[PDB]
Each structure stands twice: as structure tokens, then as C-alpha cells.
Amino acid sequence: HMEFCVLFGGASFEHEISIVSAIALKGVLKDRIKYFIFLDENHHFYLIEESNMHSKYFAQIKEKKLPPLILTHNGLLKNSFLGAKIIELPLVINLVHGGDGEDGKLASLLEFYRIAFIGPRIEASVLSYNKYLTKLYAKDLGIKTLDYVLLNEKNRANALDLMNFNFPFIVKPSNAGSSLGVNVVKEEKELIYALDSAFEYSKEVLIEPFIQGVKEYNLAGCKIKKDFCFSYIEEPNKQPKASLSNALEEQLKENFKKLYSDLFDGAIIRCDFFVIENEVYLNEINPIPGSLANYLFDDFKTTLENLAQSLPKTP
């Protein structure tokens, strides 16, 4: 069985939920995890003892003053006059949501220093992070998505002037998770606040149509060798297992697979879909879902181990 390393924290709007994921993965992985590496907002790495990996320790994480590590080839590094002490780290699991983990910075940085990992690489991160780019990627793959307007602080007034709006619609930043800046607009006075709130998260905002009580379906999965290993379908807002045709389930899996291509190799991704007049629409790609969507897999621990092992790793 593979030894692991869990990376979490990050300079991110999803910092706090990253710690939840890593704490969740502790219950799943237990002893399989050699190291717990915390990445704080100032971009310092710290080693956390397995006994300290709980909510109480992290609320008071400042006072603690841990000794900052510096990333280097094959692992982590501590300095003194005597030289550099190198902690050689095993296959790391990127559990940093948003910010550094999903925008491509960490994929680049881990890849730079030849540290093997589970998570989206640079291209996969960039395209899944920016929703506008996700739309172009999907479009090219013949996978449907909701029509949209991409706005920025510049064209803001120009594009919305002389306009008689067709309500409702949904306003969201071009690149963020957990719905941090996402508001529904039903009337024109509701618009300013929706746009201002979404611009607090991103230079660019996406306006899409709103259709309430539409079917939402989430599928997690990864590629191991030449086959795919899927999770159960989630019905995220309902209320466990989701009720679906064999044929719908199969449409979702087909879409997932086109999306994943070779881009998302080495990652456990969840694609979120809409079903409108029973057509499948791609909502988004979460290449680092909360707790790696472990609770949606029949045998997550074995799926992980199977993926880890199929990696062409080589330090």
C-alpha cells in the first residue's frame, strides 16, 4: 500500500474548507498518510503532527509558531548555518481548493520540483478554474453549457445599458467555488449588488440564465490505466443514492469521460451537470472536490490506492 502526504490550506477563499477535507481524509486514510503539510496564506509550508489535525488546533494556529518549510526538489527543506535539512515527501494529495491548488500555481510548483502528486496538472487547472475557459473547452468537445455573458469592470456599463432584462438570471465570478460570490437576480435593483459582490471575487463575472428546481447531477471519477472509476451520482440539493435512468447515468459518464480526456490524468475530479428538458449541460468541473468526493465512492480508499499506483512516478 502507498504512503501519502496531504497538502491543504492555501492562499484561497476556500482555505477553511480545505482543512475540513484534510481532516476528512485523515479518517479515510488513517495511518496511510506519512505527512500533513499546511500551506498558509503567506505561502509557508508547515508539517503538522497527525494528533494536531483537528478543528481546535487550527482555530489557534497562529500562536503556535510553527517552523516554516521551503519547497524544494523532491520535498521540503529547513535551513540553519549547518545547511539544509530535506524532508523527502511521498506522493502528495493536493487538497487545496481554489486559490493556489486549483489555479495551476501548485500543479506548476509541485511539477517544477519533481514532486509526484494527485491533482489536476497545469492545463487541467487553468481550464477548470476559469469558467469562461471551461465553456470553450466544453463547446469544443460538443458538450452543452448554459448561454452566458462574460463581463469585466470595463465593459460593465456598456453591455448592460439600453437593455431590457429577461429575469431571472444567475451572477457568479468567473473563477471561484462554494458559491462565494453567487447571487440570483429577479429584478433590476437586485443587479448592482449581485455584480458588486461577484467582482469582489474575480476581475470577471459570468451572467447565466436561472432555471430553478432544474435537475442537478454530480459525477466524481478518475482514470486508472486505460479505464475509468466512477463514483455514485450525487443529487446535491435534494434533501444516499440518486434516482436516474440507466441511460441518463450513461450520458453523464460519457460526458465526464470526454471532459477528463488526458488533461485530468492523475486527478480525482467531479463534474457537475444540469439536466434541462432532459439534455445534459456541463455546469462545472471541480478537479479538487470537497474531501475528494470520497463519500460518493463505493470504496474510496481502494480507488485512491489504485490511482496512486498507476502513476508513472519517478523521483
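In this text, residue numbers run from 1 along the sequence as written.
Gap check for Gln239 to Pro240: 10 or more deposited residues are absent from the model. 124-132 and 196-204 differ in mean CA B-factor, and the higher of the two is recorded for 196-204. Relative to its counterpart among 47-55 and 258-266, 47-55 has the higher mean temperature factor, C-alpha atoms as listed in the PDB entry. The residue among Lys189, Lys144, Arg114, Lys105 whose C-alpha carries the highest B-factor in the deposited model is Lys189.
The PDB entry assigns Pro168 a C-alpha temperature factor belonging to the highest third of its chain's modelled residues.
The PDB entry assigns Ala159 a C-alpha temperature factor belonging to the highest third of its chain's modelled residues. Split the chain's modelled residues into thirds by C-alpha temperature factor. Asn283 is in the lowest one.
In the PDB entry, a CA B factor belonging to the highest third of its chain's modelled residues is recorded for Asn79.
When the CA B factors of the chain's modelled residues are split into thirds, the value for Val20 lands in the middle one.
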